[PDB]
Every structure is written in C-alpha cells, then in structure tokens.
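Dropping the structure in here first, questions after.
Chains: A, B, C, D, E, F, G and H, in written order; residue numbering restarts at 1 for each.
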Amino acid sequence: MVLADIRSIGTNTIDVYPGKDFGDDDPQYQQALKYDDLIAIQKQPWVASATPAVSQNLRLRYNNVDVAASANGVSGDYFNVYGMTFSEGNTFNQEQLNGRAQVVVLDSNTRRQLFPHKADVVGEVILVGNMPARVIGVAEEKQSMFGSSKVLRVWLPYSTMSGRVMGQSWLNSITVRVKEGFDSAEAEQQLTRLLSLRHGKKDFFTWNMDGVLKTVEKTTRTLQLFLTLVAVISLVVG
Amino acid sequence: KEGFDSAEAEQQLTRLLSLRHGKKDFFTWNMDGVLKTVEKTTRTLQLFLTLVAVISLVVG
Amino acid sequence: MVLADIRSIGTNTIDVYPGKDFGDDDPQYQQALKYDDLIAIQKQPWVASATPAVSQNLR
Amino acid sequence: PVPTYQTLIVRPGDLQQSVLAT
Amino acid sequence: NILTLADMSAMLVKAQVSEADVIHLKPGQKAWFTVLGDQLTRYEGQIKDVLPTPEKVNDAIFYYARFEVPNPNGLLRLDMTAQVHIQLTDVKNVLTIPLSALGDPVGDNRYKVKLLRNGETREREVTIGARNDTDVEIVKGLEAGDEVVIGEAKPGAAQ
Amino acid sequence: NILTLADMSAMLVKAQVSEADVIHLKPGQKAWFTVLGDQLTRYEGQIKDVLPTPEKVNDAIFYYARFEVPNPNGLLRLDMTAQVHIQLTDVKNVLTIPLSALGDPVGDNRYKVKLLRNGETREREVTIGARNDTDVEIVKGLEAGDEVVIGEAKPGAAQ
Amino acid sequence: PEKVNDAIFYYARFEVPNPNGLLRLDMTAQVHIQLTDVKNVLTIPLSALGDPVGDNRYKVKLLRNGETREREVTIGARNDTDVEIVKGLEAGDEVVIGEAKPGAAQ
Amino acid sequence: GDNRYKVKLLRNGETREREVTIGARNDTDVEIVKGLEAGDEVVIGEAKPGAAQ
C-alpha cells in the first residue's frame, strides 16, 4: 500500500532546476532552459520519456465570480502518471496537446466557488488571466492532506500555458523518466554532463527517484525483517 | 506552554489576528497536533508490535 | 529517539503566513505583518514565547 | 466487478470548428 | 489633453486571435460574442478585417480583429470584457469521434474500441484527418449509429 | 504647480463597482456607505451617475459611481477608505427562499420540497437568479403561503 | 547585437517572396540554417566522453591488449549526436562508451 | 465581523449570549457600549451559549 503510494510516482524523474538548489532566487529566477532542450534530452535511449513543467497563478474573471487562481502547465501524462482521479472529464491527447485547445483542468473546490449551481463543467469557457479557456476536465485529489488547506489550483497543457499565455522558453521544470529499470545513480551524472554540454556551465541543479525509493524500500523490507524474524523466532520458541 | 492544546488558542489567535488586523490574513499552519497524531501513531505501532509479540509468548 | 527528534521543536510551530498558503504569491507577497503585534501576541499567558522570522539572500 | 461502460451513439455530425478568443 | 471624446453609436471589438490561427480567418466569415456580466445575451455580426500591426503580452504574439455591433439602449460600457466566438467551416454528413476514448497507436494509426450489439466491445483501426477542439472528424473505419464506449474502454471486452 | 485647492463641503465618492454588475445600477437607486474608522455611523444618499471611462488594477476591469454626501462637522478626510452598499433593487410583493432548504439539481434546476394542504410534502422546480447572503429571490416557482421544509427536505414525504 | 539579459545574440536576414498576401508582421518563425560538412574524420558519441576541467578531454578506450586506456583529446566541433575529433584517437579503435574505467582490462 | 455575540453567565447558572455593539477596540479590551448589563459574569473561558455551568 505505502509503496504503491510511493511508486505511484514511477521510475524515474529528473525535474530540471536552475540557480543552484531549492532556495535560490535570481540565478534560479533566470532559466537557461529551452523546452526544445528536451529534444536531445529525450534523444537518449535509456530514457522512456521526459516531460516539461510550469505554472502560473493568475486572476480569473467569470460571469460574476472573479478571483485569482494557481494554474499548472503540464504533460497530459500528469494526472495519468500521478494516477490522479477525475472529478469529471479526461486529460488530453498529445495531438490536442499540439492543438493548443483552450481545454483546462480545475479544482473541484474551484467549481464549488464558481458553481453554486453545480452546473456541468464541459463545454463551458472561463478566461484565465486574459485568454478564454473552454473548461472540460476536473480532478478529485488523490490525497487527503486536509492540513494543506489547498487553495485554487488549475491545469493546462504546458504547450498552451508556456506557449500562448506566456511564450517563454524556460519552463519551471522538466520531469525525466528513465526506462530499463535503470539505476537512479547512473546517467543522472551523464545528464549532468549533458547539461555541462548543451549548456556551457554547471546548471543541472536537479533532484532525484530510485535513490530515496530504493532506500525506503530497504527500510521497509528491513522492518519486515525485524518483525517477521522476531515473530518466527518466538513461535519456534513456542 | 501549559502543556496546552495546539487545537485551542489558534482559533483564539485566529479571531485575535482577525481583530488586530482588520482582516484574516495570518493563515498560519497548525503546530503540535501533528506531533500529537504521530505520537498516537508510533505508540500505536508499539501497541501492535508489543501486543502480538507478548501474545505469541503467552502461546509459548 | 524519533519523538525527541520531532518534539525538539518548541511545543510545534505557528509561523505567520500573511497571504493564503504556501503556494500563494502576490497576496503572500504583500505583507502587513508587524513585530509590534508580537507585543499583544505575547500577551497570552499560554504563549511561552513567540519569535520573529525573516530572511534573504545577498551577495 | 461490473463491466459497465460509458458510451455514445455516433451520428453523421456536422463540423463545428471555429475556436474562440478574448 | 483637455478632454477626450468618443462616438458610441456603434461599438468596435478588439478580438485578439492567437498568431497560430491568424493564417486562416478570411474576411467576412460571420462571428458572435457575449459579455461576462450578462451571462447569456448573444450579439453577432460580420468580421471586418485584421489589423496589420501585432502587439504582445510578453510571451506569444496576438493579432486583432474587429466587428461592428449595433448599440441600442445605451448598454456596453467601454473596455468591457467580451468573450468572442469566431466562425471555421461546417463540413457535414460525416462522423466525428469524441476525444475522450480515442486510441492512437503510432500517432498515425488510431484504434478505437466500440460496444457491439453482442454486448462485446471491439476496437477498430481508423484513419482521421480533420481534428476539432473537442472531437476529431473521422473519415473512415467506423459506421454511424455505432455504440462507442466513451468511458473506460478496452478491446474485446463484453459487458 | 504652486499649490492645490479643493471644495470640502460635499464629498464625492468613487465607488468602484465590478464590471460584472455594471449592466444594472440604474441611476437614482438609493445607496449608503460607511467608513472603517467610525465602524457604525451610516451615511446615505442618491447615486448620481456612472463614469464612462474604467481604470483597471491589473486583473478585472472596474467602473466608478458617485454619490453626494453632505459633510458637516468637518469630518471625512480625503481619500479615506469607505465600504459601500449600493442598492441593487427594491423588489417587493415577491417570495424568497431561505438558503438552507433549497436543493439545486443539474446546475440550473432547483428542487424545493414544500408541505402541501394534503400534509404530504412535494418538491417543485423553481427558477431563481437573484439571490442574497441569507436568501435566494424566487419571483416564480412556488405558490404563496405554502409551508417549506427548512430541514431534512424530502419530496413525496408527508410530515 | 542586442542582448536579452543572458547570452548575446546576432541577427541574420533572408529575402522570402510573399505571394497571396500571407505572413503577418512579427509572426514567430522557426528557422533552419545550413552549417556544413566536416567529413573525413572521426566523431565521438557524447556519452563516451571524459571531460576534465571542461577544457581537457580524456577518452578511455579499449586496447588490443584488452586493457582500457584513456587518451586526452582535442575537440572543437559539437553536435546533438556526437562531437568531431581531429586528434588524440586513432581510427578503428574500440571505445568503451559504456561503464568505462581507465587502465582496466575487460 | 459586524455582529458580536457574547456568551455570559446568568444568575440561573445558565449561560446565554447577547449580541452587542462595540466601538473602541482598545488594545487590552474592547469598549462595549451596549448589549450587556454591569455586574454580569462573563464566561471568558470555554464559553457555550445556552449552557448551564
């Protein structure tokens, strides 16, 4: 159960980062990170897939209700690979990922605010920031985490967000999933060299997941070892 | 202090900051209660482990 | 060991978050927070203490 | 486990492509 | 600047279509729009033209377009937000597949599970050219009136 | 700019109503306001007019409106913040439904269980657009004097 | 040049014919420029490289002895797939592109 | 944020709230002008409306 919660994020992920690490500002604010970079990045055979990530909170006008909300330019595999359940609708095709449709995913709570009526979501349009957006899918949270006190959150194909309501080449991050059952330790340094190449400087700054995965795996199985062993010893004593 | 519950006062502080400031804004994250529940969790693990162990030993 | 490691935090924090939550930007960016407030904030007897917290990078 | 499937009745439709804009 | 003036006998709209779609949008194509504040009160008219000079909001260039809506009763304040529907073509007598259940092998080939009269779902490869904001105009490989398991489809799966 | 002057005997207000509601706001409608610093000391007057030219604060367009409050006592400093209640309407001889009881099917439909003279309760769909903080205005959908089940509403279920 | 914060950039121009009135002003346009062949030379796969200092470029390779040995090399040209290598490695040499170790027999 | 209920204790030993108007918000205590009589006990701690102590 707990591993399924953990492996729910698969194998693996190398989110791309600027600056130095998590706490950095200006060097992290600047991003020499073309989404085009992914091309050659996706070119490596061991990789199964790798995906762009970006997000922007913006004001959202609508009919009468008129409030800002966070939003998330992402892959269509997002709710898929996260396995996030849908309140309604689906994610989106890669074709329409290229289609730049004004399709979009929203919080159920966001609907709770927008829609006292509980009107059907699909086919409806609501502007984000400025651009009109024909809402379709909305997804229920797959975690409780009530202490998070989650606010309004929204999801877009990244091509649309970063594209036709941002236009920057530099997305917040890029997920990178390896194939082959390949080890987390290896190649991440090779990708590091890769960023030492396609960029001229030490700018990978990425975090990684079979490291923490394998170690918590050894941890849990170790707990199995202690528990089952002392149990069986006691029973043999019986 | 006091050994006082985190669940309480934060609401008192809620209205408090809702007053001393004209609007609710502080939006603080709860303390200690997470410690409370994880304590119940770990002690619960103690309960499962120690109890099944001792039962097995009684079986011995 | 683990519990002492966790409760080591002063019982365990209520940091001020003048915005909405962790993901917030501009409303979180604007901040009406006042250390002066800490006066009456510390006025409550159960409050053994409450402390200021702020930070930034600089060259 | 119910094999229940959401489904539709396809019909010779007419194209409604036009898009939108703020 | 002493004082500004404006004629409100008719209202012009600045419909900022994205640069990706500007290549189409032939003049005189019929279009309609509606304001956020009145929810449902459609206005409509001919498109007039396209402005030669773009202006941008950081990322992504946008090109304007204009109408000429009549303004009875003194409604519609200046710079009011207005959602705008511009019309592309209406080819007819042809099926379009909802995108909710599409299968797309190779990214060219396109399998699609559909329920049969037997109660047996079965997929078929199909070719499709035209694509829509919501669906895709299928051209071959599926009959009209066919049941189509839009939800949780799998091939060969009787229900 | 050597100096500036202002006639402090009548304090005009800039009530920036949202664009979503500007379509209403008919002139001469009665309205009132109050300041944060005096808590409870209501001022009131006729609305005067609406400014044709909006000025945005990044997101969301807004439109001004003005009153003409008398200013004795020498109070009311310039650019003071002022909460404003602009009379939306004075509908009368018309029923309104308490929020706790109403049911809202579909996203437009509104079931409302009511007691009948038979003593057997029955729901009715009701059309409601207007709504208040405490109630939703029902111009139509329920016959007057019908009792309504404020709690545990159940269609077809006698009390 | 006109810089955009980081990285200086330089322009280049064409002269495309414009039939039918298409192509609006300031439209985004992806651009391919042709460079040139640099044939008659070895090109190393990117993964295979050892790149000390960011100037130096060791390259572990396998010998006929079955023992691997690195050779520092000069490399200027770079490609999305490989990099051109004018010097430091003879042709026909095997190259331990995978899990390389200097000075190590296979 | 306009209304101000205040639970207090009655001679009955039963608590009851009264809505009150209050102007000044003096930093130690607010200045209540109306809605409560003098000499009244006030359940400052763990108050419940309509509840006997």
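One rule holds in what follows: a contact is a pair of C-beta atoms (placed from the backbone, for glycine too) under 8 Å apart; a residue touches a chain by one contact, two chains touch by 3 or more.
Asks: Measuring from the mean of all protein Cα atoms shown, which chain centre lies nearest?
Replies: Of the chains present, the most centrally placed is A.
Asks: When I count C-beta pairs in contact, which pair ends up with more: A-B or D-E?
Replies: Taking the two pairs in turn, the one with more contacts turns out to be D-E.
Asks: What is the distance in Å between the mean C-alpha positions of chain C and chain D?
Replies: A distance of 51 Å separates the two centres.
Asks: Need the CA-centroid distance for the pair chain B / chain H, whole Å please.
Replies: 31
Asks: What whole-Å value do you get for the distance between chain A and chain E if each is reduced to the mean of its CA atoms?
Replies: 28
Asks: Can you work out the whole-Å distance between the CA centroids of chain F and chain G?
Replies: Centre separation, chain F to chain G: 68 Å.
Asks: Out of chain F, which residues touch more than one other chain, so two or more?
Replies: Counting only residues that touch two or more other chains, chain F contributes 20-21.
Asks: Got the chain A residues that touch at least 2 other chains?
Replies: Answer for chain A, listing residues that touch two or more other chains: 61, 63-64, 68, 102, 125, 127, 130, 132, 134, 149.
Asks: Across the complex, what residues on chain F touch chain A?
Replies: Those residues of chain F that touch chain A are 18, 20-21, 58-60, 104, 106-108.
Asks: Across the complex, what residues on chain A touch chain C?
Replies: Counting only chain A, the residues touching chain C are 23-25, 57, 68, 70, 148-151, 153.
Asks: Please output the residues of chain G touching chain A within their complex, sorted ascending.
Replies: Against chain A, chain G makes touches at 5-7, 46-47, 49, 51, 54, 78, 80-81.
Asks: Along chain C, where are the residues that touch chain A in the complex?
Replies: 20-21, 23-26, 57
Asks: Within the complex, which stretch of chain F touches chain H?
Replies: Residue positions touching the partner: 39-40.
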